[PDB]
Every structure is written in structure tokens, then in C-alpha cells.
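In: just the starting chains for now, same placement as in the complex:
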Amino acid sequence: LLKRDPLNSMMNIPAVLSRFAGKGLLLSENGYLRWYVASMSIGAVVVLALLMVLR
Amino acid sequence: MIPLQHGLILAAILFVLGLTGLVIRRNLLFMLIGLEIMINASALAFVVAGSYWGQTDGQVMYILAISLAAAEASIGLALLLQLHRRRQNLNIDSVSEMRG
Amino acid sequence: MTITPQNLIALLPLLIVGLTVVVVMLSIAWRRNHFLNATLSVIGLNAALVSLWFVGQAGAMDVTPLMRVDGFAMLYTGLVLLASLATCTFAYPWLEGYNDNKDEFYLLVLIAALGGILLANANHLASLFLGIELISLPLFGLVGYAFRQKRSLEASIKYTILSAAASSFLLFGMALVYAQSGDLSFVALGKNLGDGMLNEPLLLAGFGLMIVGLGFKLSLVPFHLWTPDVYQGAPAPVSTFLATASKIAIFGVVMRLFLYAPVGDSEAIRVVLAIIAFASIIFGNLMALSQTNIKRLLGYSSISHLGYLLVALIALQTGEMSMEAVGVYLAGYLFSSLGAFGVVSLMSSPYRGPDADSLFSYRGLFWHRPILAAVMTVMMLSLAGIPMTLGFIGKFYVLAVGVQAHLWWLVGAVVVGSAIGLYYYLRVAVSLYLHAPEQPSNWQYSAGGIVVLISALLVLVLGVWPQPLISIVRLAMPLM
């Protein structure tokens, strides 16, 4: 049951999560300038809304 | 007798409309037009704020703003002309080669 | 206020760089000579460094309602001038491969350095805005200097459009701040408030829009998506300048703005910057995981390293040595980025025209360029925060500053992002020494090699013995 190290695998799963999160985040780098402008405006909305909420 | 809130709201409306024009338009010329609307709106907001305080600094900030607007309109139109003469196409979605 | 002769002494690097712009432009008007105009540019920048010595012999004072000169300004002026000199040195062989006019490059580098110096001394919203634009527009020219190449034109268009939008955001935020507070100087932003009314909604909205513009300029999440495309598309000396001088100058003026403004110690702005720093560290490291392109990898690296700097900025209004941490980290980051982007520039020089490929192909670099491979692996270890490198000294400063201010989420973010950096930086540094199947002779290429070698030696020596750099940074303190 242990011949393929289970504790090593459950310590390896942060690397799996990091690779998955990196592949997911790389979808935002699609190379489209209109999306870059849109993401800047989204970030502006988020920053202003956070500042108004926090006051 | 004119409120500061009304002038700032007018400037905010123009800025938001220019940003919308920059986002929704696929032609690079209309993106430059939206940029010009945004920078003119920010300069108008500076003029409104300076007129509220009775200070000349608002018009000085306007002068620096329109210096920037003129120079970056020149640069953006030069790049637009280069894109037109190299691709015969002003679609901004076509110039998307570099990607993650 | 009027300008006394002592004030003219304090403006010495700015005056010398402006005079160098005029002299280089008139020399181009005389005769288009690459060597003479490059030499005049580097002579002007070295004269600006010696003028920094003369400024240090003078006092620290407010030269205008706009500018304030002190040790802080001197340190950032020195960093910007070193980055500009390295950019010119890396640019000469690459421009020697170029076919069109190749002196407007040095004119634009000088004007961008002038903007960096203005941001180093900027004490006013007008000077901040003007310094950002004086950095930005020559970089519009420099990123698309090889506009016949598809990638450089694409990067130029993206950078121009997004920086114009970010300047609009920054200017609108400045206008809202000026609507709230009747003065545009840094020390008066939030001055007319009290009894727990520091978080005025208009002041916070103006600082939010300014944060949008500055966080575009600093490649901070979520204004970071331009960075790998522009870094990959730009010419490699332009990528060197864009990674070092622009980021250093803009972060210095952000540091001074948050030091001097009475709204700098705001809980809402601190929380927003903590969110931006956390996201910047994690996202930059995670996106750099699976990059085979070295320039995109260094773009995501710049995102994460500016996140670490932002963590050092968040602890500014609570602790004391946040300025010292930012100075030490910026010196280390400057030298590491100069080495890395200089190796990328030297192996991509001379320019191969708009039609030929410009991929780095760093695999097996040791078997034909061993010294550049050693410099590149020293820089990869330094950007990873490995001990015996100055990047670790900066990372240690960031961790100490975060621990002192009880920023535990940011401390854990730095640790996790550092582990992810370990992975991809070590991937590059060990791919340098493998075996690749397949795929100079002038003193300016040798000068670029000497620049990257001296950067590597500085990184190693100041990683082992960091006390001289700490002592230099600690005496470069602004007006309290």
C-alpha cells in the first residue's frame, strides 16, 4: 500500500495547485489590447469600490 | 453659484464615456479618440477644481494636460499610420501576436 | 518661488541632462554620427553623476513649490542615471546592427532619464505628473524603435494606448484630490482634515485613480497584463531601461508621496495596497512558472519584485526602516535586472533586422559564452533571493520590515512567492548549463560585457558584505 510514497504525494499537491493556478492565470495574457484596457478599468472599479467600502 | 459637485460630475461623465469608447471600439482610431476624450475630461476636472479655489494652478495643470494630449496624440497617430502602412488594417484585435 | 543660485546648484543633474539633450540634438542636426552622439549622451550622464556629488556638497532644500532635493532624491537620481548609462552601453551594439537613424535613441534615453530625475526630486502633483509623462513618451518611442518588426510595433501600440489611459486615470485622480484639498503639494493632501475625518471619500477616490495610474506604471496586479508583451516586444536595451529606470523612479516618487501626505497613513489605502501587493507577488510568481521566453519571465519577475517593494511601502507609516529597505532592495534589483537584461541584450546584439528572429535561446549558453552564463546564473540566483546575493539582502530587508509591522499575510505571501520563484529561476539557471544541439570583436560590446560582469560582482560582494550599501542608503534620508 505504501510502495508509492503517499506522504510525499500529499506534500507534492501544493506544486500541483501552483501549476494549475499558473495555467489559469495565464489565460488573462491573451494579447488583446481591448482586454488590457478592460482589465485596467475593472481594477479601477474594484479599487474605488474597496476604498468606498472601507472608508 | 455653480456647484463644484456639478462640474466634477460633468467631468466624470465625460471621462466614463471616453473610457467606454476606448473599450468597446475595435478600430484603433476610435481608441485614440476615446483617449482624447478621457484626457480632456481630466483636464476639465482640473479646471473646475482650480476655479472653485480661485487658484491659477488648475489652468496650469490644464496646460500640462493638453501638452501631454498633443504629444501623445501625435505619437498615437504616428503609430496608427505605421500600422496602416504595414498591415492595411486598423483592427486592434489583429495585432495580438504576443500572448501568455 | 524665485530660483536663487544655490537652488540652481541643487538642480545640477536636471540642468546637465537637459543641456545634454540640447547638445546631442544640435550634434544630430550638424551630422548624423552614431559614435559621437552616443559618446555625448554618456558624457552628459556621467557629468550628471558628478553633479550629484556637487549637489550632495550643497544642502537639502525645496527648489520650487515643485521640487525638493535631499539624500532621497540624490539616491534615486543616481539609480536612474546608472540605469540610463547601462541602457546606452547596451544600446550601442544593438543600434550598430540597426539600419535607420540611430541617434534619436540616445535623445529619447536622455529625455526619459530627465523624467526619472524629475520624479526623483518631485514634491508636487504637477511635477509627479510631468515626470511620469517624461518617462512615458520617450519609452513610447524606444519600445517601438524597431517598428518594422511586428513585435516591437505591437508592444509600442499596447504601451502607448495603456499608458495614455493610465495617465488619464492619474490626472483625473489628481484633479479629484485637488478638488478636495486646495493645494497640490504632497504635504497638503489631507492636511485640512481632523478628528478621524482623514478618509474623505473624494480624497480616497482621487488617490484610488492615482493608484490605478501608478500601479499600471509599476506593473502591479490588476494593472499588470501589459508587462510581458511589452517586455518581449521591446528592444532588449529598451527592456533593460523599462525594467530598471522607469520602475525605480516611479516607485521612488510613490514612496515620497506616501511619506509626505497626511492621508498616507490611511487604513483604507493601506488595506488596498496590501491586497495589491499580495496579488502582485502571488500572480507574478505563478504566471512565471511555465515561461520559456526569458523576457516574459522577467516581466512576471518584475511584477513579483514590485509586489515585494509595495510590501515595504505598506509598512512605511508604521515602522522606520521602510525607506532603508526600499533603497537596499532597489539597489539590488537594479543590479540584478541590469545583469539579466544585459545578457539578453548582448546575445541579441547586433540587431538582425525586422525579418530575422530574436529569440534568446539560453539553453547551453555556457559552452560558447561562459562568462555571460555565469553572470546570468548569478542574476537568476539574485532575483530568487538566494543568500550570498544582494537580492537576498533586499528580501531580508523586506521580511524584517514586514515582521516589524505585523504584516503577516504579506510575509507569508513573500515566502510562498519566493518558493515559486525558486522553481522558475532555477529552471533558467540550470538550463544555462545543459547541452543544446545548435544555435562582437569591438570594444563597445566588451563595454556591455564589462557592465554585466561588474553588476554580477557587485551582487556577489554586496550579498556577502552588505554593510557599505546599507551605510550609503542610511545617510540618504529625505526631509522629515
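Out: That came through, no problem. Residues are numbered from 1 along each chain as shown, chains lettered A, B, ... in the order given.
In: what about the residue in chain B positioned nearest to chain A, how many residues nearby?
Out: Among the residues of chain B, residue B:100 lies nearest to chain A; the distance is 2.6 Å by Cβ to the nearest Cβ. (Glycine included, C-beta is placed from N, CA and C.) For residue B:100, the tally of surrounding residues (other Cβ atoms under 10 Å in any protein chain shown) stands at 20.
In: surely it and residue C:228 touch.
Out: Yes - applying Cβ atoms under 8 Å as the test, residue B:100 and residue C:228 come out as touching, 6.5 Å apart.
In: centre of the chain to the helix or strand where residue B:63 lies, how far?
Out: Secondary structure assignment for residue B:63, by DSSP states H and E: helix B:57-87. The chain centroid and the centroid of helix B:57-87 are separated by 9 Å, computed with Cα atoms, centre = their mean, to the nearest Å.
In: give the other helices and strands that it contacts.
Out: Helices and strands touching helix B:57-87, by 3 or more Cβ pairs under 8 Å, 6 or more residues apart in numbering or on different chains; DSSP states H and E, are helix B:28-53, helix C:125-143, helix C:150-180.
In: follow-up on the earlier one: overlap of the contact sets of residue B:100 and residue C:228?
Out: The contact sets of residue B:100 and residue C:228 overlap at A:29, C:287, C:296 (Cβ atoms under 8 Å, 6 or more residues apart in numbering or on different chains).
In: ok, now chain D:
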Amino acid sequence: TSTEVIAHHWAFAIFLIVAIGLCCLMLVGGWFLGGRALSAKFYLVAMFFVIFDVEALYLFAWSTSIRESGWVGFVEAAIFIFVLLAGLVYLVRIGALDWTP
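Out: Okay, chain D now, added to the rest:
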């Protein structure tokens, strides 16, 4: 709020209104009456006009307050005009303003 200033405001408004209405009425009468049956040098000169027009605006602001600025303002405007003229000399010498190469 004096009588003279409001009189001149009304006179200027009537001047603009009657002028534009006269042009409009001229075109309306013309249309109603009667029976029925490139090269990049232009961009360069326009861009040069824009840049030198902004620098001209700086000189417009200076020219109305020369006595109030003193000799210090003269030195600053002289540096401004010198940079402006060096840019013009550079444009002439590199062939940017040469229309027939």
C-alpha cells in the same frame, strides 16, 4: 453686473446669433429657391504645427505678463525659446521640413 458689460454681452450674443443665422438663411434661400431639372509629409507638417502651437501657447501665457515676471522670467523664456529653436534647427537639418528631397 454693470450696464455696460451686460450691454456688450447682449451685443456680442446678437452679433454671433445674427451672423450664424445670416449664413444659415443664405444657404436656406439658396437651396429652397430656383427650379430643378496619401503621403506622410502632410502628417509630419500637421504634427509639427501641433507641437509648435502648444509651445506657442506657453509663449502666449508669458507675453501678457512680462513686466510682472522680471528678468528671471525673461531668462526662463529665453531657455524655452532656445530649446524650441534647437528643435526647429534639428527638424530643418534632418530633412523633416524639407518638402522636396
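In: please re-evaluate what packs on helix B:57-87 in the presence of chain D.
Out: helix B:28-53, helix C:125-143, helix C:150-180, helix D:41-63.
In: for the closest residue to residue C:51 other than its chain neighbours, what are its contacts?
Out: Ranked by Cβ to Cβ, 6 or more residues apart in numbering or on different chains and with sequence neighbours excluded, the top spatial neighbour of residue C:51 is residue C:12, at 3.6 Å. Going by Cβ under 8 Å, 6+ apart, residue C:12 touches C:48, C:51, C:52, C:54, C:55.
In: tell me which element the last one is part of?
Out: Spelled out, that is residue C:55. helix C:34-57.
In: who touches that helix?
Out: Contacts of helix C:34-57 (Cβ under 8 Å, 6+ apart): C:9-10, C:12-13, C:15-17, C:19-20, C:23-24, C:27-28, C:69, C:71, C:74, C:77-78, C:81-82, C:84-85, C:88-89, C:91-92, C:95-96, C:102-103, C:106-107, C:109-110, C:113, C:117.
In: buried ones in it?
Out: Buried residues in helix C:34-57, counted by 16 or more other Cβ atoms under 10 Å in any protein chain shown: C:34, C:37-42, C:44-45, C:47-48, C:51-52, C:55.
In: got a list of what the residue most central in space within chain D touches?
Out: Nearest to the mean C-alpha position of chain D, by Cα atoms, centre = their mean, lies residue D:53 at 7.4 Å. Residues counted as contacts of residue D:53 (Cβ under 8 Å, 6+ apart) are residue B:70.
In: sequence for chain E below, add it please:
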Amino acid sequence: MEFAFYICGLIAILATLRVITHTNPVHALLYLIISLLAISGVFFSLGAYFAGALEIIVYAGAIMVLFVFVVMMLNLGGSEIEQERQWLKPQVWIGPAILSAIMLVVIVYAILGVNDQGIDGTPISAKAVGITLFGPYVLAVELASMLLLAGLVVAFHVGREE
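Out: Below, chain E sits with the chains from the block before:
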């Protein structure tokens, strides 16, 4: 000066709303010129006489001339964008309009609740702007000359024909 401010702000808003949703570039630039003239009238209503004069002289008289020059020399006669009108499709504009409306709502909420004695509208002359410009704002003027030089050099290097 109040009625003029409100009617000119209304004209500017309507004109730029027509700008961003128009297909003909020359018509869009004409509506942009109208919005700039309206904004100059807004400037004149607030007493910023120099700013309104420069809004017509520079913004509506130099920059938009450059835009009209570029549009006329590129000869946009419907190159695969006019025949599509993708920005009028709901899925393209509805999202960003929602995002911009949210940004406007947050900004306007920030504008309200700020103390306001009202804008006097007293004329701030060009003499005072010139005194401030060549007084406490000297380095702004010199480095703005450098900024315009940078724009000149960049635009010449990129936009020359050869």
C-alpha cells in the same frame, strides 16, 4: 454664466455620446469638435478664460486638425468595420457599459458629500496664469518643452515615410 454652463455641459455630454457610438470617422471627429467647443464654453462660464481660449486654439484647432488629417489621408471608406458594426451588437457594448456605469456611480457617490461653497466664476485672467507659469511653475514649463520635444522626435521617427 449658470445657464451657459449647464447647456454647454449638456451639449458636450450628448456630443461625446454621439462620438463613441458613431461609425463614420469624420462625423465622429466633427461631434468631437462640437464637444470641445462646448467644453470651452464651460471653461468660459467658470471664469477660466485662458483655458477656454486654449481649448479652442489647441484642442479644437490643432489636435483635432491632426486627427482630421490622419482620417483624410488613410481614407476610411468602410474597411471591414463599417459593414460589421460590432460595437452596436449588445454582447459587445452591454458589458463595458455596465462596468463604466458602475465606475461612474462610485465616482459620483464620492463627489457628493463634499463641502461646496460654490464656484464664484470670477475671471482668472491669462496674466495671472502667466505669472504662475513663469513664477512657481518654471521647471514645469522647461520640462514641458522637453516633453513636447520627446513627442516630436518619437512622432518623426515612427511616422516618416521613406
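In: what do you get for the contacts of residue D:53 once chain E is counted?
Out: B:70, E:57, E:58, E:61, E:62.
In: tell me how many other residues crowd residue C:4.
Out: 11.
In: distance of it from residue C:74?
Out: Counting by Cβ to Cβ, to the nearest Å, the gap from residue C:4 to residue C:74 is 19 Å.
In: same deal with residue C:371?
Out: 33 Å.
In: higher neighbour count, these two?
Out: residue C:74 (22 against 13).
In: before we move on, the earlier item: roughly how far is the helix holding residue C:55 from the heart of the chain?
Out: 19 Å.
In: what's downstream of that helix, the next helix or strand?
Out: Using DSSP H and E, the helix or strand that follows helix C:34-57 in sequence is helix C:71-96.
In: close to chain E, is that next one?
Out: No - residues of helix C:71-96 contacting chain E under Cβ under 8 Å from any Cβ of the partner chain: none, with a closest distance of 12.6 Å.
In: buried set for whichever helix or strand comes after that helix?
Out: Counting by DSSP H and E, the next helix or strand C-terminal to helix C:71-96 is helix C:104-120. Residues of helix C:104-120 classed as buried: C:104-120 (neighbour count, 16+ other Cβ under 10 Å).
In: with just CA atoms, put helix C:104-120 into PDB.
Out: What follows is helix C:104-120 as a C-alpha-only set of coordinates in PDB (Å, rounded to 0.1, in the frame of the first residue of the first chain):
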ATOM      1  CA  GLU C 104      17.200  59.600 -31.700                       C
ATOM      2  CA  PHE C 105      17.500  56.600 -29.500                       C
ATOM      3  CA  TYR C 106      20.100  58.400 -27.300                       C
ATOM      4  CA  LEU C 107      18.000  61.600 -27.400                       C
ATOM      5  CA  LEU C 108      15.000  59.600 -26.100                       C
ATOM      6  CA  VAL C 109      17.000  57.800 -23.500                       C
ATOM      7  CA  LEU C 110      18.200  61.200 -22.200                       C
ATOM      8  CA  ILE C 111      14.700  62.700 -22.100                       C
ATOM      9  CA  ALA C 112      13.500  59.600 -20.200                       C
ATOM     10  CA  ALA C 113      16.400  60.000 -17.700                       C
ATOM     11  CA  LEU C 114      15.400  63.600 -17.300                       C
ATOM     12  CA  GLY C 115      11.900  62.400 -16.400                       C
ATOM     13  CA  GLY C 116      13.400  60.000 -13.900                       C
ATOM     14  CA  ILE C 117      15.400  62.700 -12.300                       C
ATOM     15  CA  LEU C 118      12.300  65.000 -12.000                       C
ATOM     16  CA  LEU C 119      10.400  62.100 -10.400                       C
ATOM     17  CA  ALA C 120      13.400  61.600  -8.000                       C
END
